[PDB]
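Chain residues, written in single-letter form:
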Amino acid sequence: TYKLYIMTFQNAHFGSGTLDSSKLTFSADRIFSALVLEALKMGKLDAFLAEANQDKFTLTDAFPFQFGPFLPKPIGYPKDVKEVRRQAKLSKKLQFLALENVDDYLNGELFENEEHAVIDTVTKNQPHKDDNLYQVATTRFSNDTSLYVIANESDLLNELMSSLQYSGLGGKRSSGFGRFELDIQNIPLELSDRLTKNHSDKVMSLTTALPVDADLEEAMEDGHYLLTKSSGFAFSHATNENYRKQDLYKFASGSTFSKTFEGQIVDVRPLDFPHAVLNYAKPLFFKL
Amino acid sequence: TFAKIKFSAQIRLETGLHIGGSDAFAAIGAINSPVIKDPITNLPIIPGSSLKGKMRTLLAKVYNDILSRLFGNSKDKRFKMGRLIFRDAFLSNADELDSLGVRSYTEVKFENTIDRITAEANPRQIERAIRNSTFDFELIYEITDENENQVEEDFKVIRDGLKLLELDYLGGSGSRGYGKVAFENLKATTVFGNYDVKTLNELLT
Amino acid sequence: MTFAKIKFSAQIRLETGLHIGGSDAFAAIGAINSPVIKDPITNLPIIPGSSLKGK
Amino acid sequence: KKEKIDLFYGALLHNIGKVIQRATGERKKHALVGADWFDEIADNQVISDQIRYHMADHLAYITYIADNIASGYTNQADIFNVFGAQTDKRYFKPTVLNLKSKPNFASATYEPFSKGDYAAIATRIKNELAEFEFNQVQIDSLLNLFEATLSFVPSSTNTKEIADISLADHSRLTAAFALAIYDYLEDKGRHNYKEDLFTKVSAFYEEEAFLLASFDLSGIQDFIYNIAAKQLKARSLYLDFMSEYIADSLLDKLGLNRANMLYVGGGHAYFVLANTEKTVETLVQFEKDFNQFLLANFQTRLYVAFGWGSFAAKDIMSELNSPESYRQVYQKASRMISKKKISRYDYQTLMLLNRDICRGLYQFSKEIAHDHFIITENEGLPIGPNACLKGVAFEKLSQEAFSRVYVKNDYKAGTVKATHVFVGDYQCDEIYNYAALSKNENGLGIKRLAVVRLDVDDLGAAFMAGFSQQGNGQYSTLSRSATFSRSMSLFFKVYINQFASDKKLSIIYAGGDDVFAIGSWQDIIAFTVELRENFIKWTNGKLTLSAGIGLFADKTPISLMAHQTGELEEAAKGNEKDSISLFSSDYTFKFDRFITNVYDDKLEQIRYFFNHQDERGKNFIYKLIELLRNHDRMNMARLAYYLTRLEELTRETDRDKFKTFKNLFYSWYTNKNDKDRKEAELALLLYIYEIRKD
Ligand SMILES: Nc1ncnc2c1ncn2[C@@H]1O[C@H](COP(=O)(O)OP(=O)(O)OP(=O)(O)O)[C@@H](O)[C@H]1O
Ligand SMILES: Nc1ncnc2c1ncn2[C@@H]1O[C@H](COP(=O)(O)OP(=O)(O)OP(=O)(O)O)[C@@H](O)[C@H]1O
Ligand SMILES: [Mg+2]
Ligand SMILES: [Mg+2]
């Protein structure tokens, strides 16, 4: 709920399913699994997990900051022969909206995803294997675009988040992908009043969430949500191999529900696995 | 003990390098092999994977463990993502190449092939970053409690992996030039954590 | 410890001065019709290693 | 379901008189001579009773109302007359569908042929209509017999106001309505005499009956191309028989069929159901039944979103200001899909979730030379919640439900259950040998495959907001949109295959507006030139397409092929949307300008020069390209020296020939519009490609 965490990324890689596609942002899983891996490289793991399980802990997904903070497209709010069809192909590559324009967006104004990166791909190989010819996609930000995981400020969190900036964030680390720098900035008040956690009227989630089983029924019939795919492998130092995770589906950021809910941190431990592989799905919301 | 020491060397190309790029559509009178450049900065780079795999194999020709814990291993349980996070280089002297008049930072070298027994040439236009380009190199050795007096064995390897790469090519069509390279201004600050600097910066030269 | 790497230093002091062809571009209207390959930052003649390897 | 059989055929056959009328022309009425010709075949009474007294028995008033809801001496007018153009007739040559002949491109010189050649039509009708059992087993084999033969003949064809729609579709779209009128009147619960609601009063239009359903097989693009290479053809064809089995099992859970349908091309499919208290919950049930089928197999890579629009019979006409609400008929079902595409996968399909075909479909890849596709059960390649899909040989009659035969309409149209899926003919070679087959017998041409990815621009715009320029009580009928949707579906799913006659390529999915062709590079461009030039004749060019061709080597991955030409037609969707883009993000020529000013204007004259001289060659061509790429103002003068210097060097029996080349070359080099320069920059590429020796 507290201060923004602006991050100047400069050639990161945030894969989604494959290695051939970076996705210009990252879910709250990517930032929460990073901090736990930082807290395990330090000694301060269980000091973070008590704070991770704490009620006041907040995160959100990454959204492009270049001049002011930007927000995801509120899914399911458009509330004349060709342009109403032509702009549907253009307001579908429209996903990241300015905070000075969300109130204008729900009443009608055209936007185009003012360009943040060139999501290209590079070709790589391993020369003496005869079958390693791979491609790593790449998001490459436009020299002033930042992402700001909005989080509750703490001495432990700034101790770990300033360790990610010299240890990378995202995929293909140890190859020059994801290495950034921090700028913790105060949240503007015209964004800060709409941040909620237990509101009840026409709210928008802005992180990948997964409700409790009683609340999960409540978000279906009134929510204009969007699913995800939290597959992949589990990064461990006590396995000698690599196992898959348990592949849960979360509600992507921009899922405009009718009211808020409470979500958990889903444990996706593989079968017969030593430690606990978690997945942050606590929600964080936004009024309209 | 937790620290993150960072190298900041200056990659200087005594012979102009080529790093291949990617398969795109070349026209008739166009460059057959364009160098990989960041899309936004229309300038050459050296990708961090290109520095890693050349340093990985050159140290494999000497130290054959010591190599797996510096570069990572999907096997070898404790050596997944071992201790080094490299970074894509960038042009430092982009303002200092011009005033030594250079109109475009990448030269285009024309080559051919003489097919044997028919003697008919087969031309080629490969693009290379010019010589006195200076790239900024940042190698990051992360200190945790799982080191246990290995923070000097792991610097007669990196500083020797640089020295092997001094006298070998760096990326692209080596054995024909294109990699006579130099690492300049070696220094190792501690950008995050608490660790000394004198015991390894005096190991240099 | 049977890994070494040695270098043959030499000095190519030539005679009958050489034309390793370079940019076969469309030249100027009365200028040099076929220049040589050159270092960009000094505009001096070079002998490339690829012209030394295939030859 | 006994009365639904007899109500359906007579709805299709209430205007079977006018093909028996205008062939061997009598004078009397057409509704009577239909049943007169019909009573000689099988002597069925209730179907003939629907033909005798439907223009003036509680069965023929449904036909009389549905003949009006279709649309409420002269050859068939063209469907591309009523647009933003007001000088054309282009009446159809009234021949039949052939599948191995050229398309009858409708020209304005076909007005008089209104009496003569109809006897060739009615002769073929006797062949299949005679030995006909009139059950629901051969229920679609008669629907072949109207689309293959009764297509290009007109309906009433008098001095009326409609004058445009066919007789095949007018038979379908009336018989589509008449069963939906039956289910609306039956599920309401009153059958006490039709004249009382239909002919005694005309207030049947003022209630929302016979709603418009639709679905959308989403994820259809990312499934196919994310995979020694012809396995992708069976993957893109597997999702057509899935796209039809959705459209057929939805009509199996109802009492409807392929008449109750307006479109099935490529995932999207529209319908005309009955707005009952019964059809709205058999859609929710079948959507719930089919989406859990996609989870156990495809794990939310695919999703089907059944949306429906409850429209009224008044909102389909042309008299009132219903064209201003005619888009709302499609929009109400399109708003439901676009809302169901958002809120997917309800509660217990997700709480149950949070806790093969990959090898089996390889067997289907070897079943692509077969032409008879069977709906078996629990055998191989599942396509529905208890069914499967196999391509069997001529050794058929092994426990079939549907016999999905090939594109024929004529050869395999003698067996039982003629269910037709029109897909992808001329898969000439395997994909890894289109590069090596670019050299001719002379042995010159460059070894590169090339892949076409095109689509028609404002097809969904002209489908819905088309026919909308002529008055406030404008034409804009559903029948004028069903025949439009039939005309494009008959173009792509049939006529592309003859455009790929022997053009050394493999059509993958000539479907909705998309065509994804991949073949040898010379005949992949000769295909595209003979694609839209045939299409603008077909569409009276007012509704255009845009292609993107990418030239690749052999053994490049198709995911790299289909994306780098998929995002290369996106550069052609942004030029003016009517544009080819060749090999790169530039060379985005307007398509009509690409043929008359590059491919035939300049490239012939470049071919005409160097194949009718001796002393020039590739060195002269290469220095012209290098002066065409840069183009300084200095290179205008520097090229003026270079061309004048070569007059001096020729042998003076070719100097005036070269002088007609350089006065014509330097003409298009020095301009201000910057138009013909990059045209000749491209026209030299395709000439120097096709002359390269190994
Ligand atoms: N069987 C098929 N084979 C190949 N391509 C197909 C097939 N069916 C449909 N397509 C094409 O794939 C294209 C892309 O469809 P896509 O996967 O985006 O689903 P969609 O319904 O268009 O999703 P959205 O409506 O959200 O864009 C469609 O325009 C269609 O032309
Ligand atoms: N057989 C068909 N009958 C009616 N309409 C069709 C048919 N095939 C395709 N269409 C229309 O064409 C659309 C294909 O969408 P696609 O994204 O490929 O292009 P588009 O929406 O027509 O516009 P654009 O080409 O500018 O993207 C479908 O949404 C559909 O409405
Ligand atoms: Mg299209
Ligand atoms: Mg289109």
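Cut-offs used in this document
- Residues numbered from 1 in each chain as written, not as in the entry; some residues may be left out.
- Chains lettered and ligands numbered in written order.
- Part of a larger assembly, values for the part shown.
- Heavy atoms only, no water.
- Residues with missing side-chain atoms left out of burial classes, pairs and counts.
- Helix = DSSP H or I, 4+ residues; strand = E, 2+ residues; numbered from the N terminus.
- Rg over C-alpha atoms; globule rule 2.2 N^0.38 Å.
- Axes fitted to C-alpha atoms, helices over the stretch in contact; angles between N-to-C directions.
- Parallel < 35°, antiparallel > 145°, perpendicular 65-115°, else oblique.
- Left-handed = near helix turned anticlockwise from the far one by under 90°.
- Contact = heavy atoms within 4.5 Å.
- Nonpolar A, V, L, I, M, F, W, Y, C, P; charged D, E, K, R; others polar.
- Near = heavy atom within 4 Å.
- Polar contact = N/O pair within 3.5 Å; in protein donor to acceptor, adjacent residues only side chain to side chain.
- Donors = N, O, S within 2.8 Å, 3.2 Å for Na, K, Ca; no water.
- Tetrahedral: all angles 85-135°; square planar, octahedral: opposite > 155°, others 65-115°.
- Patch = residues over 30% accessible without salt bridge, like charges linked within 9 Å, V, L, I, M, F, W, Y side chains within 5 Å.
- Areas by Shrake-Rupley, 256 points an atom, 1.4 Å probe, with all protein chains shown as cover.
- Salt bridge = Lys/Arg side-chain N within 4 Å of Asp/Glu carboxyl O.
- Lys, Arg positive; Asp, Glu negative; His and termini not counted.
- Charge placed at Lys NZ, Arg CZ, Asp CG, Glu CD.
- Buried < 20%, exposed > 50% of the residue type's maximum accessible area, 1.4 Å probe, protein only.
- Pairing = 2+ DSSP bridges.
- Buried area = accessible area lost by both parts, 1.4 Å probe.
- Core = buried A, V, L, I, M, F, W, Y, C linked by side-chain atoms within 4.5 Å.

In the PDB archive, cryo-EM is given as the structure determination method for this entry, at a resolution of 3.40 Å.

Now for the overall build of chain D. Each helix and strand in chain D was counted, giving 24 helices and 14 strands. Expected size for 694 residues packed as a compact globule is a radius of gyration near 26 Å; at 28 Å, chain D falls within 12% of this value. Considering only C-alpha atoms, chain D reaches an extent of 100 × 70 × 50 Å along its principal axes.

All names here are of chain D. For the pair helix 20 (residues 602-610) and helix 23 (residues 655-669), interaxial distance at closest approach is 11 Å and the crossing angle is 150°. If you check the angle between helix 20 and helix 23, you find them roughly antiparallel. As for the relative orientation of helix 20 and helix 23, their crossing is left-handed in sense. Facing helix 20, whose interface residues are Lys602, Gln605, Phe609 and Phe610, helix 23 presents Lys657, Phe658, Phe661, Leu664 and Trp668. By residue class, the composition of the contact of helix 20 with helix 23 is six nonpolar, one polar and two charged.

This paragraph deals with the site of ligand 1. Residues and elements named next belong to chain D. Taken together, 13 residues are adjacent to ligand 1, and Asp216, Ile220, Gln221, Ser236 and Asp240 come closest. Within the side chain of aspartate 240, an N or O atom sits 3.1 Å from a nitrogen atom of ligand 1. Going through the elements one at a time, helix 10 (220-224) and helix 11 (231-249) are the ones with two or more residues in the shell around ligand 1. Split by residue class, the shell around ligand 1 holds four nonpolar, five polar and four charged.

All right, on to the coordination of the magnesium ion (ligand 3) then. Expected angles at a metal are 109.5 degrees for tetrahedral coordination by four donors and either 90 or 180 degrees for octahedral coordination by six donors. All names here are of chain D. Taken together, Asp455 (OD), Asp513 (OD) and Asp513 (OD) make up the full set of protein donors to the magnesium ion (ligand 3), lying 2.1 to 2.6 Å away. Between the magnesium ion (ligand 3) and the magnesium ion (ligand 4), both coordinated by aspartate 513, there is a metal-metal distance of 3.3 Å. Of this pair, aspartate 455 sits in strand 10 (residues 449-456) while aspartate 513 sits in the loop between strand 11 (505-508) and strand 12 (515-520), and the two are 58 residues apart along the sequence.

This part is about the coordination of the magnesium ion (ligand 4). With distances of 2.3 Å, the protein atoms coordinating the magnesium ion (ligand 4) are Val456 of chain D (O) and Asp513 of chain D (OD). Because the angles between the six donor atoms bound to the magnesium ion (ligand 4) fall within 58 to 167°, the donor set is best described as irregular.

Before going further, it helps to spend a moment on a negative patch on the surface. Side chains of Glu217, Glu221 and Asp222 of chain A together with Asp346 of chain D sit close together on the surface and give a patch of like negative charge. Counting through the fold element by element, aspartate 222 of chain A comes out in the loop between helix 7 (213-218) and strand 9 (256-257). Look at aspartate 222 of chain A and you get partly exposed, because its relative accessible area is 43%.

This part takes up helix 19 (residues 591-599) of chain D. Here helix 19 of chain D has its buried residues at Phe591, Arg593, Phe594, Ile595 and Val598 of chain D. Where helix 19 of chain D is buried, its residues touch helix 17 (521-539), strand 13 (545-552), strand 14 (581-582), helix 20 and helix 24 (676-689) of chain D.

Residue and element names in this part refer to chain B. The strand order 6-2-8 describes an open sheet built from three strands, whose pairing is antiparallel. At either margin of the open sheet sits one strand with a lone partner, and together these are strand 6 (134-137) and strand 8 (181-184). With strand direction ignored, the average angle separating the axes of adjacent strands in the sheet is 30°. Sheet topology places strand 2 (residues 9-13) next to strand 8; four bridges connect them, and they run antiparallel. Bridge assignment links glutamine 10 to a residue of strand 8, and that residue is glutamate 184. The sheet strands contacting helix 4 (residues 158-166) are strand 6 and strand 8, and the helix crosses strand 8 at an angle near 145°.

The next point concerns the side chain of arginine 235 of chain D. Residues and elements named next belong to chain D. Mapped onto the elements, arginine 235 comes out in helix 11. No salt bridge forms around the buried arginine 235; measuring N to O, its nearest opposite-charge neighbour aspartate 222 is 12 Å away. If sequence neighbours within four positions are ignored, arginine 235 has contacts with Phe223, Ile224 and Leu361.

The accessible area lost on association of the parts is a frequent measure of interface size. Listed as interface residues are 14 residues of chain C and, on the opposing side, 17 residues of chain B. Around 1,300 Å² of area is buried between chain C and chain B when both sides are counted, 64% of it from carbon and sulfur atoms. For chain C, the biggest contributors to the area lost against chain B are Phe3, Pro40 and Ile41 of chain C; these three give 40% of the whole. Our count for the contact surface shared by chain C and chain B stands at one salt bridge. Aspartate 39 of chain C is the partner of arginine 131 of chain B in a salt bridge, and the nearest nitrogen-oxygen pair spans 2.8 Å. Summed over the shared surface of chain C and chain B, the result is five residue pairs in polar contact.

What follows is about the site of ligand 2. The immediate surroundings of ligand 2 are formed by 14 residues, with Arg85 and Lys89 of chain A together with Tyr263, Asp457 and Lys573 of chain D found nearest. Residues within reach of ligand 2 are spread across chains A and D. Note that an oxygen atom of ligand 2 is positioned 2.9 Å from one of the side-chain N or O atoms of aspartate 513 of chain D. Protein contact buries 84% of the 610 Å² of open area that ligand 2 shows by itself. Here the residues of the shell around ligand 2 are counted per class, giving three nonpolar, four polar and seven charged.

Residue and element names in this part refer to chain D. Packing of helix 21 (residues 618-630) against helix 22 (residues 634-647) leaves a shortest axis separation of 10 Å and a crossing angle of 165°. Classified by the angle their axes make, helix 21 and helix 22 are roughly antiparallel. Our pair here, helix 21 against helix 22, has a crossing hand that is left-handed. Where helix 21 abuts helix 22, its residues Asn619, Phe620, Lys623, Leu624, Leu627 and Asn630 lie against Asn635, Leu639, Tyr642, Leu643 and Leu646. Of the residues belonging to the contact of helix 21 with helix 22, the class tally is seven nonpolar, three polar and one charged.

Turning to the interface of chain A and chain B, a few remarks are in order. Contact residues are listed per partner, giving 34 residues for chain A and 33 residues for chain B. Around 2,900 Å² of area is buried between chain A and chain B when both sides are counted, 53% of it from carbon and sulfur atoms. With a shortest N-O distance of 2.3 Å, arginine 140 of chain A and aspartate 38 of chain B are connected by a salt bridge. Remark: the boundary between chain A and chain B carries 14 residue pairs in polar contact. Within the residue set of the side of chain A that touches chain B, elements represented by two or more residues are helix 1 (28-41), strand 4 (120-125) and helix 5 (155-164) of chain A. Per-class residue counts for the side of chain A that touches chain B are eight nonpolar, 17 polar and nine charged.

The next subject is the sheet that holds strand 12 of chain D. Residues and elements named next belong to chain D. As summarised here, the arrangement of the five strands in space is 11-12-10-13-14, forming an open sheet in which the pairing is mixed. Edge strands, defined here as strands with exactly one partner in the open sheet, are strand 11 and strand 14. The pairing of strand 10 with strand 13 spans eight bridges and is classified as antiparallel. Directly across from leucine 449, in strand 13, lies its bridge partner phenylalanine 552. Docked against the sheet, helix 17 engages strand 10, strand 11, strand 12 and strand 13, running at close to 145° with respect to strand 12.

Our next topic: the nonpolar core. Core analysis: the largest hydrophobic core is formed by 221 residues, its most contacted members being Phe210, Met242, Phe484 and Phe527 of chain D. With 11 residues, the top contributor of residues to this core is helix 16 (residues 478-499) of chain D. Membership of the second largest hydrophobic core comes to 59 residues, among which are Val102, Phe111, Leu164 and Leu191 of chain A.

Below, the discussion takes up the pairing of strand 2 of chain B. All names here are of chain B. Of all five residues making up strand 2, four are buried, and the element is well covered by its neighbours. In the sheet, strand 2 pairs with strand 6 via four bridges, with the strands oriented antiparallel. Looking across to strand 6, one finds that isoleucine 11 is bridged to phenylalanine 135.

The subject of this paragraph is unusual backbone geometry. Residue and element names in this part refer to chain D. Here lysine 555, not a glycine, exhibits a phi torsion of approximately 60°, which is positive. The phi dihedral of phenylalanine 583 falls on the positive side, at around 70°, and the residue is not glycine. Here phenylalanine 583 is to be found in the loop between strand 14 and helix 19. Here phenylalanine 583 falls in the buried class, since its relative accessible area comes to 3%.

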